[PDB]
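Working notes for the structure below.
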Amino acid sequence: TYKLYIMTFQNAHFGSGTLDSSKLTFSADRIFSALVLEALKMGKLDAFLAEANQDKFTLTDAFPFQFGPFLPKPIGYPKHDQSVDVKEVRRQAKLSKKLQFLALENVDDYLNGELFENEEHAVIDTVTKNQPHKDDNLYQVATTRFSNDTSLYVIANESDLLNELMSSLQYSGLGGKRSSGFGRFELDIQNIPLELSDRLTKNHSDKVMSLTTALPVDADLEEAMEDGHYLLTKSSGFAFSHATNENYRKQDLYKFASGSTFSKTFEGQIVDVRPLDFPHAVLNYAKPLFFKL
Amino acid sequence: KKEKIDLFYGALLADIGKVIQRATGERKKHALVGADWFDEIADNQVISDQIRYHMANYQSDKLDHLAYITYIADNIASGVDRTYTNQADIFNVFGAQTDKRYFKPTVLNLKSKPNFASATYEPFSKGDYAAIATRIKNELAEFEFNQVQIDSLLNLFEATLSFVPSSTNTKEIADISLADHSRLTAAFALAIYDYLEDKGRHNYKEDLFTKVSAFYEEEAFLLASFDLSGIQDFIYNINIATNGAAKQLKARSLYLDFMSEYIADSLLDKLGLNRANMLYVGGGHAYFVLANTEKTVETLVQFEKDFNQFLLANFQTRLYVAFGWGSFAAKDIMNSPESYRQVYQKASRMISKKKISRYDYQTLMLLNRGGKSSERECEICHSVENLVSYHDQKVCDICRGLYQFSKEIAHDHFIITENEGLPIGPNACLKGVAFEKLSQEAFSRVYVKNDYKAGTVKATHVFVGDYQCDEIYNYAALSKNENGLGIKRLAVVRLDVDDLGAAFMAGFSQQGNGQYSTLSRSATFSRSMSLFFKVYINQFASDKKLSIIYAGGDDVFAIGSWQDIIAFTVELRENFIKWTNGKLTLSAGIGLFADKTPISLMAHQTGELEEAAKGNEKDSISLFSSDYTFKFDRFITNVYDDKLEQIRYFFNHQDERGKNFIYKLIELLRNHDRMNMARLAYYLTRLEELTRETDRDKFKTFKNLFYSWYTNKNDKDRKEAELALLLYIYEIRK
Amino acid sequence: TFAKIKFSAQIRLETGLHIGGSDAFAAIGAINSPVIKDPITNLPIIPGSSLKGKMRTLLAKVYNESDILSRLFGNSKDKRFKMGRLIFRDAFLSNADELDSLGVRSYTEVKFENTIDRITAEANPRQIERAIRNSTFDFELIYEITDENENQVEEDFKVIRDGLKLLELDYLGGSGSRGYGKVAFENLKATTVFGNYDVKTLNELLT
Ligand SMILES: [Zn+2]
């Protein structure tokens, strides 16, 4: 809930379940799995795990920082608050589909009703590659080449182990093909604004937005989906390990994507998606750090 | 449901005298003519007495009889409280005002040249109707009244009565054909009957003839609708290096179309309704009219939950059907404009709320239950269940049924069995079949694709965009002509109607005071656009060497040889402005590709070209590149027919200037500073007197013309010359 | 123990480059084979996959007989070596203004070229876009030191510096058997970031 960690990427590949595509965020399970996978080369795993079983740190997926912090679009909001220009109500339909990101200084202005013709950062290119003179040798890796002024900031709780791991990720990569260039950044911890620090609740029960891909405890999920306006995510993929000698899949997890509004806030859980007969647990961070709309 | 069938037949088959007494010139009211002539093909008092007493202006005092419903379903099936003119075209009150064009009253065929309207078809023609009239007598010759014969009647209207006017002696409600007036009448009639006979009201003389004004403002109609989310990102599930190249794109776009047809079929038999209640079906969306009872609402909720369990069973949050219904009393008849937009708003926001609040507690608790070991995955769809070893690789179930369906796609009839082929419902599996193989299998429904005949089993006629001249890999080799006169490429056009959503939300409310966006015109425009973009693309692409992969709604995606692709886009625009009267500009984007390039690297670059064309202006064609962007008003006339024929007329007369002069001309047109105008003035004057001095003024009238459209200083006549020379060097490449 | 020790370098072309990209429409005059670029700055690049593959395919000819290349670069099937011991990066054209200070007009040249049949003796022309001579590129190479990493690092550096010895003898680029290569390395310093491990014995193995 303390200071946000500005990361300056300049190129990244971010999944969306393919190799041909690329998200703009990274859904916070990527940053938690990167922290867990780097803290196993240092042998600092169980310290970080017993730190992760606490409310001493919360994580939050990335949003752009174009000289100011951004948040997801409040999905479902603004409610029904004018019959004019039935032509022009289709114009902003196709240009608020790709809205998906709003700054702080207007996120309470948007719910009062405004437009914000969406800015352009990080054009998602796509480039062909090969493996020459071989059998099957064409694929396509969609870079997210960032527009020179934008940073992905993860909102955290600042611990010295977390500073160590987030500073090792300056050079150990964060993204799709880290070992071939992508997802390699520079960190610069900055100040959370006073209007941002007061609003990241974890218990305040009103109409309250989510700011990560978090999955409730099975008890609270019933009214967590009663009047929530959310998405589903399908966070899955192969479980990257070193004690398999094969390559196994994770356990097919669906999650509430960032931007999900909820009335009456819940509590999340680190949903163990470990495969059947598998040595070590696979964690898939899902616990929320909200935004009192 | 024992007396619903004759109710449908009566309230549909009334005002069918209105073709007889327009073919014979009798001034007798249609309620008697149709009820008389109906007795000489089949005998049913429950239909003929419904045709007889529907008007309530000739004779009514003999009934209760399913007549009064037959009365009131006719009084809501017009926009008002309801001489030698034809049927008005729909686009006389679409958007802008142009010359009113009128339909030649003819039938429809399969190899039919199209049916454009003009203003010079305004007076009537009684003698044209005979080929219509006997068509109703013979094709309905040995006819009965049951759920087998319930449906092939309806295509019997849309092959013939699609362009026959209704209520000629009025002015406002004019452009509504009989094969939508009767379909809406029989659509409304079953809704009134279900709403009344749910609530235990067993008489109709006191509730529908004298207290008609009170039930008339009783909320009795559910304008229901649904939307299938995830269609486009299901069709484009294909990457680089994919085995089924475009047959797996044809097959997927036909699979989603038959799924979006089977929802609109299997909904209304869970209800008590038929294919007349569906006002429009098409690109995911489908709009119906149902009864406003709880028996429809709980059946809708139950059916939507069961179908979404079915979609989660195999697709796993890639597709999602979202339903939504707006209730209304019979008050979309002229608060006249803000009553029709309101009830369409309600189903819109119910779908929008249901798009965003997907599941319930138990299903999402099920969806990540785990216990699911895996080591392989279907490289196509990233699913785990039912993996097999199809063509030395791992595939799933749906991407095996899709290859079976891409084999079956070249047939005419598609039957829905329970076990064979691709599942499109809860225990309903689609399978294509030939005609003669229908005997050995046991269907439950059968869709016949792009036909108008009566059919064997009284089938259901569906439309699709279908053409295949040759194979995809032969299309670059077919581009070489009978002299080697072509470059060996293949083009791809993704057309699109510009502002289709603006043509369906507002659509008609631009002309008038919100008095023309009504239900009948909306359904008529929707059937008109599906009739264009699914049937008639085969006529425009009949001789050409292309392959319309996907077509309809708005979007068209057609591979093919490149001269035929460009001429096919030209013909499609030059027939869509003849169709839609110059309104509804469309926007193509063409991309030129070498052979053996993948049809995912091809389709995406053409889509980027097409959205660059849509962002050029409201209307544009983006030939070949993100800088050769034109207008269809200007590419077809100036570039493709004026400039290109002038360059061909000049160059194929002479034998001195070859490819080198054209290449240097394109180089000077592409580099283009101001100094290149002087360099070209030196170049053309130097080459003018270098010619054979006999035929010099050929070159002089060419060079004055080329310097005229280099230095015109409008920026619109220079890129035309560059692209015309690109097309010419493409045409003459050895 | 744990450290990351990067390998800073200016990479210097002594002939051109050619690294292609997704094929695009060539409107006659336009270049048929455009070089890959940076879509923000419209400036050429060497993508990190074109160096991870080119160095591995070069050391596979030297260390053919497999268990050292697999621990330096990675091997997906082996359980010890998925995602192991090396991270490359792009190459972002550092001297974008020393080229202007040497005096040049545009950062990529267009080499015209052709093809001649041995029967018809007929030409067939090409245009190859090329990154121009004596450009520099910001090359850097993270090499991560870990626990399993220990006691073999002495033969991860007579191979890395035996690999950079190879790229100055093979081409690094498309159509490299017709020029289009001759990449040189300079300022090849091995600093250290996020770690406690000296590099000042390694720094004279290189320079
Ligand atoms: Zn599949």
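Chains as they are written, first to last, in the entry's author numbering: chain B, 2 to 82, 86 to 297; chain A, 2 to 64, 67 to 85, 103 to 354, 358 to 757; chain E, 2 to 66, 76 to 217.
Built from N, CA and C at the ideal position, the CB exists for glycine as well.
Asked: For A:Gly681, count neighbouring C-beta atoms within 10 Å of its own C-beta (all shown protein chains included) and say buried if the count is 16 or more, exposed if not.; Found: exposed
Asked: Report yes or no: is there a C-beta of chain A within less than 8 angstroms of the C-beta of E:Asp24?; Found: yes
Asked: From the DSSP output, read off the bridge partner residues of A:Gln107.; Found: A:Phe123
Asked: Helix or strand or just coil, what does DSSP make of A:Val516?; Found: strand
Asked: Could you pull the DSSP bridge partners for A:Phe348 from this structure?; Found: A:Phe241
Asked: Go through its chain and collect everything with a Cβ distance to B:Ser171's Cβ below 7 angstroms, but skip five positions before and after it.; Found: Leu191
Asked: Using only the heavy atoms of ligand 1, determine whether one of them is closer than 7 angstroms to the beta carbon of A:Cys452.; Found: no
Asked: Note down, in chain order, each residue of its chain lying with its Cβ closer than 8 angstroms to the Cβ of A:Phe330, except the 5 sequence neighbours on either side.; Found: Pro446, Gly448, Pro449
Asked: Just the C-alpha distance for E:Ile32 and E:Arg140, rounded to the nearest angstrom, thanks.; Found: 10 angstroms
Asked: If you measure from the CB of A:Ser406, is any heavy atom of ligand 1 nearer than 7 angstroms?; Found: yes
Asked: Mind checking whether A:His414 and A:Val471 have CB atoms under 8 angstroms apart?; Found: no
Asked: Taking just the CA atoms, how far does B:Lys181 sit from E:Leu82?; Found: 16 angstroms
Asked: Given A:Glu238, which residues of its chain have a CB within under 7 angstroms of its CB, disregarding the five upstream and five downstream residues?; Found: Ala349
Asked: According to the neighbour-count rule (16 or more other Cβ atoms, all chains shown, within 10 Å of its Cβ), is B:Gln86 buried or exposed?; Found: exposed
Asked: In or out: E:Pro135 buried (at least 16 other Cβ within 10 Å) or exposed?; Found: exposed
Asked: Less than 7 angstroms between the CB of A:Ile439 and some heavy atom of ligand 1, yes or no?; Found: no
Asked: Step through the CB atoms of chain E and report whether any lies within less than 8 angstroms of the CB of A:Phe684.; Found: no
Asked: Measuring from the CB of A:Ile421, is there a heavy atom of ligand 1 at a distance below 7 angstroms?; Found: yes
Asked: At a Cβ cut of 8 angstroms, what residues of the segment 86-97 of chain E count as close to chain B, listed as they run along the chain?; Found: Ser86, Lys87, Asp88, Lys89, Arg90, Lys92, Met93, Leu96, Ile97
Asked: Have a look at E:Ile29, E:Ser9, E:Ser76, E:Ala4 and flag the residue whose alpha-carbon is nearest the alpha-carbon of A:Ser648.; Found: E:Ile29
Asked: Given the structure, does A:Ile403 come close to ligand 1, in the sense that its CB is under 7 angstroms from one of the ligand's heavy atoms?; Found: yes
Asked: Count the other C-beta atoms from every protein chain shown that fall within 10 angstroms of the C-beta of A:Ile42, then say buried if there are 16 or more, exposed otherwise.; Found: exposed
Asked: To the nearest angstrom, report how far apart A:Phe229 and A:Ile212 are at their CA atoms.; Found: 13 angstroms
Asked: For a cutoff of 8 angstroms on Cβ pairs, would you count B:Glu250 as touching chain A?; Found: yes
Asked: Where E:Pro48 and B:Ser184 are concerned, what is the direct C-alpha to C-alpha distance, given to the nearest angstrom?; Found: 8 angstroms
Asked: Could you have a look at A:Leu445 and say whether DSSP puts it in helix, strand or coil?; Found: strand
Asked: Have a look at A:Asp84, A:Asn694, A:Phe327, A:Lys19 and flag the residue whose alpha-carbon is nearest the alpha-carbon of A:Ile283.; Found: A:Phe327
Asked: Is there a Cβ of chain A sitting closer than 8 angstroms to that of B:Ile76, yes or no?; Found: yes
Asked: Is the segment 25-38 of chain A touching the segment 86-105 of chain B in the sense that three or more CB pairs, one from each, lie closer than 8 angstroms?; Found: no
Asked: Straight-line CA distance for E:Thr125 to E:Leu177?; Found: 28 angstroms
Asked: Among A:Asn727, A:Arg468, A:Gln385, A:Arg392, whose alpha-carbon lies nearest the alpha-carbon of residue 65 of chain A?; Found: What the structure lacks is residue 65 of chain A: chain A is numbered 64, then 67, with the residues between left out.
Asked: How about A:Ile560 and A:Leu569: do their beta carbons lie closer than 8 angstroms?; Found: no
Asked: Which of the three DSSP states, helix, strand or coil, is assigned to A:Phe177?; Found: helix
Asked: Identify whether A:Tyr141 lies in helix, strand or coil by the three-state DSSP scheme.; Found: helix
Asked: What are the boundary residues of the beta strand (DSSP E) that includes B:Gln144?; Found: 142-145
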